[PDB]
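Here's the structure we're looking at; comments come further down.
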Amino acid sequence: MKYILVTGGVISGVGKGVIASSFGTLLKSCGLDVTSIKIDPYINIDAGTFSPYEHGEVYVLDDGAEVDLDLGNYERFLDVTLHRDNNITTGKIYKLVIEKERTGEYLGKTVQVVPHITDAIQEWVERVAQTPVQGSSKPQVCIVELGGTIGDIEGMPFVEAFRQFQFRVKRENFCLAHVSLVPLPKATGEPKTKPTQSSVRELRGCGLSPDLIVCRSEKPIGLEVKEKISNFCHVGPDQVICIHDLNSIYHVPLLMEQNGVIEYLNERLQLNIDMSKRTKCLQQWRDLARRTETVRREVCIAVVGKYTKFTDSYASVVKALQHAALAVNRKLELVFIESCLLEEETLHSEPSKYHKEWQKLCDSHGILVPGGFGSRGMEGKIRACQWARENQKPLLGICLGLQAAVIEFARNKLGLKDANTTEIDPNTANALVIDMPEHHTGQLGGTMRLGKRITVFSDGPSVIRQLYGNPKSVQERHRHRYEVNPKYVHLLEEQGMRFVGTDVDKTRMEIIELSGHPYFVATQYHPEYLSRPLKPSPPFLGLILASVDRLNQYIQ
Amino acid sequence: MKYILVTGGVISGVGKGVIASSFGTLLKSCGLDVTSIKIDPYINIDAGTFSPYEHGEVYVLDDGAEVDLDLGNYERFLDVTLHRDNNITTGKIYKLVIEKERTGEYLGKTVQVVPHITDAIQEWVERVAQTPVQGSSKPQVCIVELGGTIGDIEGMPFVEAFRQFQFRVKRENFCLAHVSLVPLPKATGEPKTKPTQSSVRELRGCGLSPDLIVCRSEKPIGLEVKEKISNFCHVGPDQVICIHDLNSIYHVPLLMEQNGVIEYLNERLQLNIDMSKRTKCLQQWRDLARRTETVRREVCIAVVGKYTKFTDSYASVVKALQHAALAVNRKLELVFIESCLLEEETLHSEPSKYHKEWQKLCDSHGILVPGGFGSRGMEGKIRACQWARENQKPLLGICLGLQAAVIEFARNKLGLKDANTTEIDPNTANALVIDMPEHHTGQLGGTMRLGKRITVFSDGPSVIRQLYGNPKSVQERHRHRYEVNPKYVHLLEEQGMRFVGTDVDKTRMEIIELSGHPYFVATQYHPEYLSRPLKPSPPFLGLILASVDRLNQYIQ
Amino acid sequence: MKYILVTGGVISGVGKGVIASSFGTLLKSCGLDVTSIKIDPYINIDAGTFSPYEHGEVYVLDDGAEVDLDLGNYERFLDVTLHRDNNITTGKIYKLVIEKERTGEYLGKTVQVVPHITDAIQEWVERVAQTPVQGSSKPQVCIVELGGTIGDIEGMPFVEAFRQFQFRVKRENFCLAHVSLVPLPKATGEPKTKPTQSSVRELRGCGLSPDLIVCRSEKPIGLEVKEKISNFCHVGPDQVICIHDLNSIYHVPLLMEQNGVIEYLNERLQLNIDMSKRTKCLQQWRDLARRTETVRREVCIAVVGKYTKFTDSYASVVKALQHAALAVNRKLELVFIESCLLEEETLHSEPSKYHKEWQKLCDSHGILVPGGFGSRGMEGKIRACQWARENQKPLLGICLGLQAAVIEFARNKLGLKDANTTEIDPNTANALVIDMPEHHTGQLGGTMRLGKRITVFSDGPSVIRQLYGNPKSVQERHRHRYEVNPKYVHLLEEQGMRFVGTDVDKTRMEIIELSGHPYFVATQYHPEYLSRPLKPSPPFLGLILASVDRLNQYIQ
Ligand SMILES: Nc1nc2c(ncn2[C@@H]2O[C@H](COP(=O)(O)OP(=O)(O)OP(=O)(O)O)[C@@H](O)[C@H]2O)c(=O)[nH]1
Ligand SMILES: Nc1nc2c(ncn2[C@@H]2O[C@H](COP(=O)(O)OP(=O)(O)OP(=O)(O)O)[C@@H](O)[C@H]2O)c(=O)[nH]1
Ligand SMILES: Nc1nc2c(ncn2[C@@H]2O[C@H](COP(=O)(O)OP(=O)(O)OP(=O)(O)O)[C@@H](O)[C@H]2O)c(=O)[nH]1
Ligand SMILES: Nc1ncnc2c1ncn2[C@@H]1O[C@H](COP(=O)(O)OP(=O)(O)OP(=O)(O)O)[C@@H](O)[C@H]1O
Ligand SMILES: Nc1ncnc2c1ncn2[C@@H]1O[C@H](COP(=O)(O)OP(=O)(O)OP(=O)(O)O)[C@@H](O)[C@H]1O
Ligand SMILES: Nc1ncnc2c1ncn2[C@@H]1O[C@H](COP(=O)(O)OP(=O)(O)OP(=O)(O)O)[C@@H](O)[C@H]1O
Ligand SMILES: O=c1ccn([C@@H]2O[C@H](COP(=O)(O)OP(=O)(O)OP(=O)(O)O)[C@@H](O)[C@H]2O)c(=O)[nH]1
Ligand SMILES: O=c1ccn([C@@H]2O[C@H](COP(=O)(O)OP(=O)(O)OP(=O)(O)O)[C@@H](O)[C@H]2O)c(=O)[nH]1
Ligand SMILES: O=c1ccn([C@@H]2O[C@H](COP(=O)(O)OP(=O)(O)OP(=O)(O)O)[C@@H](O)[C@H]2O)c(=O)[nH]1
Ligand SMILES: N[C@@H](CCC(=O)O)C(=O)O
Ligand SMILES: N[C@@H](CCC(=O)O)C(=O)O
Ligand SMILES: N[C@@H](CCC(=O)O)C(=O)O
Ligand SMILES: [Mg+2]
Ligand SMILES: [Mg+2]
Ligand SMILES: [Mg+2]
Ligand SMILES: [Mg+2]
Ligand SMILES: [Mg+2]
Ligand SMILES: [Mg+2]
Ligand SMILES: [Mg+2]
Ligand SMILES: [Mg+2]
Ligand SMILES: [Mg+2]
């Protein structure tokens with residue numbers, strides 16, 4: 001095949017993920033079949049035990065492998081369905097090699113980093129880059145992205161493995177893009193090139209040589225600094241790209257394409273791309289990038305979550321709201337509301353912030369309760385569900401709203417003050433939601449119902465069912481272990497609550513939909529993982545429509 | 001003695017100079033006698049042939065050594081009078097060692113970088129750090145500042161020489177402060193520590209270990225990032241300083257002092273500083289830092305120069321205007337006017353910018369014509385002198401205004417259209433200013449009259465003479481070779497021009513002062529090099545006063 | 001405690017192991033309690049699957065952990081009984097950390113090399129250095145030896161962990177000895193210092209600084225090169241040791257001690273060693289080092305093994321023969337005989353070498369058949385046992401001689417040509433030795449009977465039993481799975497074969513001893529692992545005595 005390593009420069013967070021996804025969505029428009037790999041140099045088998053604050057919004061694949069977030073970036077930009085093995089980590093490699101050694105497949109030899117770990121890495125990359133990722137099309141380009149910055153101790157095995165790969169795989173079949181940062185200190189007033197120079201030198205001291213250099217700055221740098229980069233890093237002034245901070249990332253593919261990163265790649269990897277045909281293929285992205293600027297309607301949605309401090313803990317939620325808002329042709333305006341600044345405990349401590357957050361929640365066309373883990377801020381979600389239930393305000397719950405809304409409904413419509421979750425209060429006599437960990441080896445429901453499953457709609461007219469297109473079953477991605485208690489089912493059904501969607505066994509209620517309320521859907525799965533820029537998700541679409549009050553008109 | 005190396009981190013321009021001057025002005029307030037050295041790793045004997053755009057505003061010392069700009073930073077913050085040897089450059093070291101080798105003082109030995117260049121560097125630093133710099137007080141601390149960033153190829157001899165110095169000089173007599181940059185990319189939204197980590201690691205790979213780490217950022221970083229720095233760079237959380245972008249640099253000494261960099265230094269170098277007395281000594285700087293904030297008067301001055309693109313080409317001029325404006329208790333507002341966007345040549349090409357610059361020059365309480373070299377923009381200065389002469393607007397000329405004003409005066413008051421400078425038009429029959437290079441070995445006037453000389457005032461009432469305090473002679477620093485033609489002297493004297501100050505020979509007119517005009521002083525020396533924050537320069541003081549119309553009141 | 005890292009210089013094989021054991025046997029003579037750790041940067045849980053050619057003579061500890069060879073060097077020089085955890089390997093560390101991560105003890109955190117792997121390494125070293133290694137004496141010094149050379153990619157985690165350790169553990173409690181090589185090319189004719197300089201510089205680029213530098217050369221280097229080392233590596237000329245290639249390694253402790261490496265250590269680690277008492281403690285080693293030179297008797301022993309190409313595949317055997325030869329006051333002279341140059345297959349291919357090896361085996365006072373694995377050269381051992389049985393020549397078999405001698409005895413004294421080992425020919429109808437792998441979890445005999453077990457002597461006069469001192473049971477270290485077939489027992493007993501020693505079940509015959517032959521002992525364990533320089537092993541002692549014909553006289 002043909003590989004494109006995308007290493008990283010001064011810092012982590014410069015834009016490797018967006019640059020890699022842009023390479024992917026260019027080579028995909030030009031006709032090729034692209035796959036991707038993300039290499040995390042951390043010693044973790046998978047992100048299934050990470051916190052959102054670490055790197056943000058643990059993803060979920062179809063087979064059930066909690067992975068990084070760039071694994072979702074790739075899917076949203078390429079419309080592919082990656083697998084568990086598209087995420088290499090130091091832990092995976094070392095565990096594989098250790099198991100092989102113990103079982104004796106390295107029979108009588110000193111297993112050392114070079115060459116055994118790097119041969120494991122190369123065989124992993126070569127075996128994964130050929131797994132059919134979009135049906136039955138054998139891939140043709142593989143965008144490997146190396147996490148972290150060049151120079152770390154954790155990423156020495158990978159830089160060495162690729163230093164050998166670039167010769168093992170016939171260098172005409174291997175590019176390398178080095179994304180770097182060009183700071184512009186406000187005190188001085190001129191962009192500085194020493195960081196990129198030092199990073200390029202450190203990358204050369206490891207053998208590799210940058211075939212491209214993407215200079216990521218805040219404002220467009222002039223031509224003086226491009227000449228300085230080209231000279232002091234020894235690359236042609238046409239293979240140094242400048243990508244400043246654009247408005248939306250749907251502009252990065254186009255900004256690179258107008259800098260000839262299709263011409264350069266087709267010359268450097270010999271891809272045989274027909275330019276006389278590639279013109280009218282990157283059109284949906286121009287359309288999207290223009291709709292990103294030509295919307296003035298200001299629909300404001302409330303996100304009442306726990307981790308609302310770093311704006312990457314909800315990357316999937318935010319990028320699934322933006323897709324729907326762009327599809328309806330309204331302009332999104334997100335407000336982030338903590339769920340702990342909604343209980344009386346801060347009313348006694350900080351009434352100022354209490355009232356400020358409650359006001360923000362009040363003047364907002366819609367409410368969204370994300371998922372999460374733990375007991376902190378769980379009662380604030382109950383408060384928000386109660387408010388949106390008694391104020392006729394649209395609301396959507398994803399895998400934890402379906403819990404924090406049944407809890408409310410029960411407590412404040414049937415009086416069971418004892419209602420709670422088996423996690424929150426294990427000694428409750430009213431367990432409205434109980435776990436179902438009967439696995440013992442994973443064949444029953446049991447452990448976290450990870451991956452994609454089957455959800456069939458029960459009978460009856462339902463707004464969310466109409467939204468999906470009235471099919472019989474849809475497959476979404478669950479990351480839950482609990483469930484609604486099957487003895488409060490009728491107790492909550494002889495009230496304003498419904499139960500439309502569930503599985504084949506019919507003992508896992510997963511789509512609740514209040515009656516009389518304009519929009520009070522809440523689902524047990526994660527509908528945000530299946531959203532794509534040209535194919536938004538039906539629950540978020542319904543939330544936005546019912547929020548700007550166009551839902552019935554859209555239905556008709 | 002005791003040495004304080006101040007190396008540099010991610011970029012050049014982070015603040016090494018201000019941090020070093022702050023160390024100096026703290027240890028000077030605590031009673032010690034501080035000297036300084038600046039180490040430029042460029043191969044240049046001196047800056048006497050540099051351009052302002054390279055590093056900015058070639059300085060001039062008392063003996064006549066054109067040096068860097070940090071050599072003026074040190075003087076303005078410590079009130080010392082440095083020498084030629086307070087500026088090491090790779091060129092100086094290599095030329096010294098090569099001359100020694102050729103003359104045979106390394107008799108029969110292989111002169112190599114280690115140890116001969118580094119021994120030359122160490123002997124230079126030790127011999128210079130003991131030269132009485134403020135009269136007869138033998139210094140006690142030496143603030144060596146290493147230019148450039150750690151990792152460059154040019155600064156390997158110096159890092160090695162100091163790696164050996166820290167053992168040759170009894171490590172209890174040697175600190176090290178490492179100024180580094182902590183970027184905060186707007187796309188991500190969190191300060192990043194990887195650059196400082198990488199720089200500290202690269203500095204450790206050279207032997208040295210940071211005794212301090214000054215983290216220079218744009219906005220104050222929280223405590224999370226301070227803990228991250230302290231951990232991932234292995235320094236105590238009390239020896240990591242944070243200096244954000246303050247308003248004026250008179251705040252940096254105080255901001256460091258309140259972070260205990262006096263306590264830490266007195267503990268680490270064993271300086272025997274009496275804290276029960278050091279309290280009421282750093283008071284002039286608190287006064288200045290508060291006067292920097294509590295002025296609201298908006299006096300606006302025009303700077304019509306050539307290099308007005310990078311705001312360091314006039315560092316001395318700007319910092320000499322700010323001193324006077326602070327001493328008068330007005331708030332400065334500088335406007336930078338190109339001298340080439342004032343001739344008809346842009347009127348024919350860009351009348352928009354032509355009129356914009358002329359308007360900026362029009363609505364400004366004062367005019368200042370700096371010095372410079374060459375013929376570009378020399379006629380725009382004539383235009384500005386003419387405008388300020390026919391509009392009764394105060395003006396000051398420094399070593400090139402004294403030329404561009406005599407040129408105007410002659411041309412537009414006696415009609416000698418042929419008037420020009422021997423540089424501009426060598427074939428002129430009217431040479432109003434002629435060179436005086438009769439040196440042939442430097443003993444006559446001859447070459448650039450560098451250094452400080454004697455200027456006696458001729459007889460007669462003069463505003464500038466009254467400003468200086470009516471002394472008989474003052475010593476300023478000249479950097480000129482030309483002079484007023486001694487045959488147009490009376491021709492320009494039987495008009496609105498005067499000649500008050502000159503040397504002992506009386507054939508070098510160097511202070512002109514128009515009659516009838518409120519303020520049209522112009523001088524042949526550089527009065528900006530002798531300005532200090534608590535002692536402004538008389539010409540700039542007079543310019544500001546006559547600009548805000550308080551000159552006569554101040555005189556009385 | 002107090003730690004002594006012993007890193008390595010230009011090459012691997014320079015002498016780290018002997019230098020570390022010498023530190024140990026000095027600090028042990030001075031009264032302290034020393035332990036040891038060996039750090040192998042290879043990714044292998046243990047050497048239990050290594051080949052002798054890789055590093056040489058897989059060792060066996062008391063609990064049953066096949067380890068490196070330096071783990072036996074330590075025991076032979078310190079008389080301690082190390083454990084499984086005294087051997088760190090990259091595999092052990094990474095598997096430990098991965099298991100911890102998966103079970104969740106790093107709850108929600110990004111497990112990365114720094115700091116998690118290096119904290120695992122430091123906690124391992126600190127927890128192991130306090131395990132009572134010689135009964136109940138808590139250790140006081142720990143000699144950590146870092147395998148490999150400084151600069152390898154495999155040994156970056158360990159160098160980083162120790163860079164942090166030297167500060168975590170109060171630097172007055174941490175030394176560092178850097179063993180380096182000083183080549184002397186025959187073409188040039190002068191010892192070269194550039195390799196040691198480069199290695200010391202590379203070690204400084206990692207933070208650590210050599211407290212000692214042991215210069216290992218071939219012939220004693222003069223004082224010029226010691227001065228060059230001291231200068232160009234910045235260490236005092238009294239902390240640079242020179243250890244040339246001595247005759248026997250019992251000289252290295254004394255050669256270091258006369259260079260004041262006791263004084264330097266007691267000054268640098270503050271050990272409180274009483275020199276007025278340490279004089280008459282290092283006396284057994286002077287005695288041994290002199291007996292190494294003052295023996296002239298030339299006893300020649302035959303070693304018929306398979307791996308006789310690199311003179312480290314039998315390190316334990318050779319060092320157990322030398323101990324006995326020194327205890328008898330004879331001078332050893334080993335001959336290494338391949339066991340494959342003894343079959344007719346080379347008689348048809350290389351009769352020259354065939355006859356040469358057979359002659360070497362012929363003119364040798366004794367024969368020794370080591371252990372091993374596989375089928376190659378297994379018949380040559382049968383040939384040698386037959387020759388030594390029909391020529392009345394002493395012979396000793398260790399864990400494979402007990403097989404290759406019963407095989408012979410059966411085949412050539414009862415005619416069972418079908419006799420063989422279940423490994424050699426699985427389809428044999430005469431299986432004289434059959435496996436016993438009935439473990440299925442390790443509680444039965446089952447898998448390799450690793451570690452030390454119990455061996456009781458059955459009744460009857462036996463030379464080997466008299467040699468051991470006529471005790472009832474002795475514990476040796478087995479590494480075997482096979483066993484003598486329990487149905488040929490009486491068939492071989494009504495002949496010139498005996499069975500004296502066995503376990504408590506009496507179905508594992510492990511000490512055979514022919515009748516009429518002067519010395520034909522063969523044992524199923526490995527008696528060479530329990531030999532010490534001042535306490536030789538009884539089987540090897542008996543072999544040497546019966547070889548030089550003094551066995552009966554020694555018995556009396
Ligand atoms: N609390 C909790 N976290 C889990 C569990 N299973 C997986 N996790 C993950 O482990 C992470 C815990 O790391 P933390 O940084 O302490 O995050 P947290 O538990 O939510 O704590 P806060 O961020 O302060 O609310 C969570 O964010 C989850 O993503 C679980 O059963 N309980
Ligand atoms: N032009 C000129 N420069 C001199 C002379 N002597 C010293 N210099 C220095 O050398 C520098 C020339 O470098 P340049 O970068 O070309 O600056 P410049 O000559 O002013 O050219 P511009 O910046 O484009 O106006 C000047 O800035 C002076 O500081 C001289 O005689 N003529
Ligand atoms: N052959 C063999 N080796 C084993 C076995 N179990 C452990 N080993 C070890 O694995 C090593 C195999 O590595 P090799 O380099 O091929 O050594 P070898 O098998 O003896 O092959 P040669 O050295 O050519 O005789 C052996 O030396 C043993 O130390 C086993 O069951 N069979
Ligand atoms: N050119 C750009 N303009 C505007 N925003 C951008 C641009 N590039 C990236 N971003 C934003 O910056 C955020 C971080 O970028 P990205 O995820 O690519 O960092 P990263 O280097 O991939 O981080 P990591 O290596 O940890 O995965 C993204 O959410 C993205 O939306
Ligand atoms: N803490 C600060 N707040 C505001 N401005 C600052 C601060 N530190 C430095 N500056 C400004 O930044 C400019 C450049 O700083 P400085 O001259 O110290 O850089 P430098 O590292 O010394 O450059 P060089 O190494 O090339 O001499 C100075 O003019 C100074 O006024
Ligand atoms: N000073 C010396 N004089 C004579 N022989 C020596 C000396 N030092 C070591 N040797 C011999 O060299 C051989 C290899 O030495 P050693 O085992 O110490 O190497 P090493 O560096 O420990 O190897 P590794 O790091 O692979 O364990 C040993 O068998 C030892 O007998
Ligand atoms: O104060 C200084 C700073 C730097 N130098 C030396 O002169 C050269 C200055 O070069 P710089 O490091 O200042 O900038 P740059 O052009 O290399 O890259 P950017 O920061 O613009 O991105 C470098 O070679 C430095 O070693 C000095 O001599 N004095
Ligand atoms: O996408 C990534 C980025 C980084 N990593 C790896 O996990 C760790 C992330 O650490 P970072 O490099 O992202 O940040 P930092 O804490 O080291 O310093 P600052 O930027 O905040 O100033 C690093 O060890 C990296 O190698 C990943 O696994 N994936
Ligand atoms: O041919 C040469 C070789 C070396 N040199 C340069 O002169 C110096 C010679 O120094 P060397 O490298 O030749 O020897 P050394 O003293 O450094 O260490 P040993 O090899 O003796 O152990 C070094 O600085 C080298 O760069 C030459 O100029 N020419
Ligand atoms: N702890 C709950 C919440 C899931 C979520 O929404 O994140 C569960 O596992 O079902
Ligand atoms: N070239 C003129 C101008 C000097 C200046 O003002 O910079 C001289 O040397 O006199
Ligand atoms: N393979 C035989 C030989 C053992 C040996 O002597 O090394 C066993 O395991 O018993
Ligand atoms: Mg980070
Ligand atoms: Mg990424
Ligand atoms: Mg938690
Ligand atoms: Mg620069
Ligand atoms: Mg500077
Ligand atoms: Mg010029
Ligand atoms: Mg080797
Ligand atoms: Mg060793
Ligand atoms: Mg084999």
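So you can find residues: chains in the structure tokens are A, B, ... in the order shown, residues in each start at 1, and ligands are numbered from 1 in order.
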
Inset, instruction - Output as a VMD selection string the set of chain C residues within 8 Å of chain A, with distances taken over only C-alpha atoms. - result: chain C and resid 41 to 45 49 to 51 54 91 94 to 95 98 101 to 102 104 107 to 114 153 to 154 156

Inset, instruction - Give as a count of residues only the residues surrounding ligand 7 up to a distance of 10 Å, considering only C-alpha atoms and all ligand atoms. - result: 51

Inset, instruction - Could you tell me, counting only C-alpha atoms and all ligand atoms, which protein and nucleic acid residues lie no more than 9 Å from ligand 18, written as a list in words? - result: residues 51, 373, 374, 375 and 376 of chain B

Legend entry - Residue contacts of residue 133 in chain B (8 Å, only C-alpha atoms) excluding same-chain residues fewer than 2 positions away, as a PyMOL selection string: chain B and resi 35+80-83+131+135-139

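For the atom pair formed by CA of residue 199 in chain C and CA of residue 161 in chain B, the distance is 19.8 Å, given to one decimal.
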
Legend entry - Within 12 Å of residue 492 in chain B using only C-alpha atoms, minus same-chain residues under 2 positions, as a PyMOL selection string: chain B and resi 405-416+432+484-490+494-499+512-515

Write the selection just made, keeping N, CA, C and O atoms, as a compact mmCIF listing (two decimals), in the first residue's frame?
# COMPACT_ATOMS: atom_id res chain seq x y z
N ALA B 405 17.67 69.35 9.14
CA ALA B 405 17.09 70.65 9.44
C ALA B 405 17.93 71.79 8.89
O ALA B 405 17.37 72.77 8.40
N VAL B 406 19.26 71.69 8.97
CA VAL B 406 20.10 72.67 8.30
C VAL B 406 19.88 72.60 6.80
O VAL B 406 19.81 73.64 6.13
N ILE B 407 19.73 71.39 6.26
CA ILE B 407 19.43 71.24 4.84
C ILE B 407 18.17 72.00 4.48
O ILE B 407 18.16 72.81 3.54
N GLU B 408 17.08 71.75 5.21
CA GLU B 408 15.84 72.47 4.96
C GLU B 408 16.05 73.97 5.08
O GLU B 408 15.95 74.70 4.09
N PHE B 409 16.41 74.43 6.28
CA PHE B 409 16.65 75.85 6.52
C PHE B 409 17.37 76.53 5.37
O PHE B 409 16.89 77.52 4.82
N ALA B 410 18.51 75.97 4.94
CA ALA B 410 19.22 76.53 3.80
C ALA B 410 18.35 76.54 2.56
O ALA B 410 18.14 77.60 1.94
N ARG B 411 17.79 75.38 2.19
CA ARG B 411 17.09 75.26 0.92
C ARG B 411 15.89 76.20 0.84
O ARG B 411 15.68 76.87 -0.19
N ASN B 412 15.10 76.28 1.91
CA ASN B 412 13.83 76.99 1.90
C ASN B 412 13.88 78.30 2.70
O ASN B 412 12.82 78.83 3.06
N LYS B 413 15.07 78.82 2.99
CA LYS B 413 15.19 80.17 3.50
C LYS B 413 16.30 80.98 2.84
O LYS B 413 16.34 82.19 3.04
N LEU B 414 17.20 80.34 2.09
CA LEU B 414 18.17 81.06 1.29
C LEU B 414 18.18 80.59 -0.15
O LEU B 414 19.00 81.06 -0.94
N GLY B 415 17.30 79.66 -0.52
CA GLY B 415 17.08 79.30 -1.90
C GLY B 415 18.11 78.38 -2.52
O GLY B 415 18.00 78.08 -3.71
N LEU B 416 19.10 77.91 -1.76
CA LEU B 416 20.12 77.04 -2.33
C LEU B 416 19.50 75.67 -2.57
O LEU B 416 19.64 74.73 -1.78
N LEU B 432 26.15 71.55 1.96
CA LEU B 432 25.85 72.19 3.23
C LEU B 432 26.46 71.41 4.40
O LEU B 432 26.74 72.00 5.45
N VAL B 484 28.47 70.27 9.68
CA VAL B 484 28.00 71.43 8.93
C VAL B 484 29.17 72.08 8.22
O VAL B 484 30.26 72.24 8.78
N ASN B 485 28.95 72.46 6.96
CA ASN B 485 30.00 73.09 6.18
C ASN B 485 30.39 74.42 6.82
O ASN B 485 29.53 75.28 7.03
N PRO B 486 31.67 74.62 7.14
CA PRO B 486 32.08 75.84 7.86
C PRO B 486 32.11 77.10 7.01
O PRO B 486 32.63 78.12 7.47
N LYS B 487 31.57 77.07 5.79
CA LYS B 487 31.45 78.29 4.99
C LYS B 487 30.02 78.75 4.81
O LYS B 487 29.80 79.88 4.36
N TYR B 488 29.04 77.91 5.15
CA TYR B 488 27.65 78.33 5.25
C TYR B 488 27.28 78.76 6.65
O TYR B 488 26.10 79.02 6.92
N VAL B 489 28.25 78.84 7.56
CA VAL B 489 27.94 79.10 8.97
C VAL B 489 27.29 80.47 9.13
O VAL B 489 26.18 80.58 9.66
N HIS B 490 27.95 81.52 8.65
CA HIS B 490 27.38 82.86 8.78
C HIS B 490 26.18 83.04 7.86
O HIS B 490 25.26 83.80 8.18
N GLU B 494 22.87 84.53 9.71
CA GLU B 494 22.17 85.81 9.58
C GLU B 494 20.72 85.52 9.19
O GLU B 494 20.16 86.16 8.30
N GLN B 495 20.11 84.59 9.91
CA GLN B 495 18.76 84.13 9.66
C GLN B 495 18.22 83.57 10.97
O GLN B 495 18.79 83.84 12.04
N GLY B 496 17.14 82.81 10.90
CA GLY B 496 16.52 82.30 12.11
C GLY B 496 17.22 81.12 12.76
O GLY B 496 16.60 80.42 13.57
N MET B 497 18.49 80.88 12.43
CA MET B 497 19.23 79.76 12.98
C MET B 497 20.34 80.26 13.90
O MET B 497 20.91 81.34 13.69
N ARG B 498 20.64 79.47 14.92
CA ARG B 498 21.64 79.79 15.92
C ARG B 498 22.65 78.65 16.02
O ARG B 498 22.52 77.62 15.35
N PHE B 499 23.67 78.83 16.86
CA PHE B 499 24.67 77.80 17.11
C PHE B 499 25.20 78.02 18.52
O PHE B 499 26.02 78.91 18.75
N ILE B 512 22.09 73.21 17.24
CA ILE B 512 21.38 74.29 16.58
C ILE B 512 20.07 74.53 17.31
O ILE B 512 19.50 73.62 17.92
N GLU B 513 19.58 75.77 17.26
CA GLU B 513 18.39 76.14 18.02
C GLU B 513 17.77 77.36 17.33
O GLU B 513 18.26 78.48 17.49
N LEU B 514 16.70 77.12 16.57
CA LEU B 514 16.07 78.20 15.81
C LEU B 514 15.58 79.30 16.75
O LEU B 514 15.36 79.09 17.94
N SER B 515 15.42 80.49 16.18
CA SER B 515 14.89 81.64 16.91
C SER B 515 13.46 81.90 16.47
O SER B 515 13.12 81.72 15.30

Inset, instruction - Using only C-alpha atoms, determine which residues lie at most 12 Å from range 460-469 of chain A, disregarding the query and same-chain residues fewer than 2 positions distant; provide the list as a ChimeraX atom specification. - result: /A:396,455-458,471-476,498-502,511-523,527,535-543,545-546,551-552,554-556
